[PDB]
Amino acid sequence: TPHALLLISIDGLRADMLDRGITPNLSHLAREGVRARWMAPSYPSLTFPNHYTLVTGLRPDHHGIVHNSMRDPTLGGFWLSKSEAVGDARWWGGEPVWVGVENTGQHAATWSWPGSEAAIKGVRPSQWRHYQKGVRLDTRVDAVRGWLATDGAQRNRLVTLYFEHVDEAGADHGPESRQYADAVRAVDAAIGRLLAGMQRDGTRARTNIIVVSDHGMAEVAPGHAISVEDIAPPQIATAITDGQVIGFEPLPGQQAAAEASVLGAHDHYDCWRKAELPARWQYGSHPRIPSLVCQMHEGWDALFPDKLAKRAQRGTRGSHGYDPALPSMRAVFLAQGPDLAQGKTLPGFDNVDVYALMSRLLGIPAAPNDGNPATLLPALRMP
């Protein structure tokens, strides 16, 4: 029979965090279900590009959400809080799973998944919301609980759930901090209450569940921040993004200065013309990508000079956006329910492979994607 699918993201949950005895509910779920050793993000290892990859099966270079902050010659500027860029379907390539679900005449309900605020290929989820900071754990958990309990023609085949809490604590104090651990416990306990609730609604047993994160987290120790203008001064190029994936557009008639001073290897970063980026990143062909892309080494940030003055307090902090082959960047994948195996472990794999699993659990035809449809067949009860 057709079963519902609950898709949960715990933003910035690193893969080793399942094995520290701070996720009793997730650990139990994995033991009853399937667990990957880890799941690698796509390049760049950032929140928006990876949440969108997860639901499309496409690499960021194909789906168009190539950074958290971008420019396009036609659509203008995009960043996470410009709601009318985020809510504009023209940024978002491919076909996310909720579109596919709606196009079968079934219903999708999304708690704040990146892209779910837009009418992608003209199609919205049945239930959704604009992202709001500070929404309570038990608020979103009860909404999702209700969307899963919904009967009749309003029945949801797909429900998605997002938590920011782990990522926020990690950004502030680093991934080895007690604040990061507390946020993990808290999100884990929230999921426990969700599961218990589903047991009481009688929705648990007919619901498949996938829990993922978008990327992991690396520690950024005091003094590990430079200015983007140390990479290329404003005389020669414009920094389009800061953080860890630093995009530059040289000034007109400054190619040579830009390329002579920026390209290649430096103390704590490396830079490439976008077309010449490391092949395994599968990134650099999209026109929205700045002509020059620099990658900061793990544990280092390059910041706009105004931020650099503001922050420089002290305090261990945390960042993602590093090389997706780094252990620190590893995300989680686990799954459990009536159509998923039990007590199974899977090898490490790339996050573009989740899409094909979800298509099959949702009874939708899989759109074309960058994933390998074989990788997650073993997660199924019956391949």
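Numbering starts at 1 and follows the sequence shown.
> Do the C-alpha atoms of 91-99 or of 128-136 have the higher average B factor in the entry?
Replying inline: The stretch with the larger mean CA B-factor is 128-136.
> For the C-alpha atoms alone, is the average B factor greater in 304-312 or in 183-191, going by the entry?
Replying inline: Per the deposited B-factors, the answer is 304-312.
>> By the CA temperature factor listed in this entry, which of these ranks top: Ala196, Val212, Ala239, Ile231?
In response: Of the candidates given, the C-alpha B-factor peaks at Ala196.
>> According to the Cα B-factor stored in this entry, which of the following is highest: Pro250, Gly115, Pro222, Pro278?
In response: In the PDB entry, the greatest C-alpha B-factor among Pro250, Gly115, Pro222, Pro278 is found at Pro250.
> Of the three thirds of its chain by CA temperature factor, lowest, middle or highest, which one includes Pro73?
Replying inline: Highest third - that is where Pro73 ends up once the chain's C-alpha B-factors are sorted.
> Taking the C-alpha B-factors as the PDB entry records them, is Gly170 in the lowest, middle or highest third of its chain?
Replying inline: Within its chain, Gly170 is a middle-third residue by C-alpha B-factor, going by the deposited values.
> Ranked by Cα temperature factor within the chain, is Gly122 in the lowest third, the middle third or the highest third?
Replying inline: Answer is highest: the recorded C-alpha B-factor places it there.
>> Per the entry's values, where does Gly12 land by CA temperature factor relative to the rest of its chain, in the lowest, middle or highest third?
In response: Lowest third - that is where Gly12 ends up once the chain's C-alpha B-factors are sorted.
> Within this chain, which third does the Cα B-factor at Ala85 fall in: lowest, middle or highest?
Replying inline: Answer is highest: the recorded C-alpha B-factor places it there.
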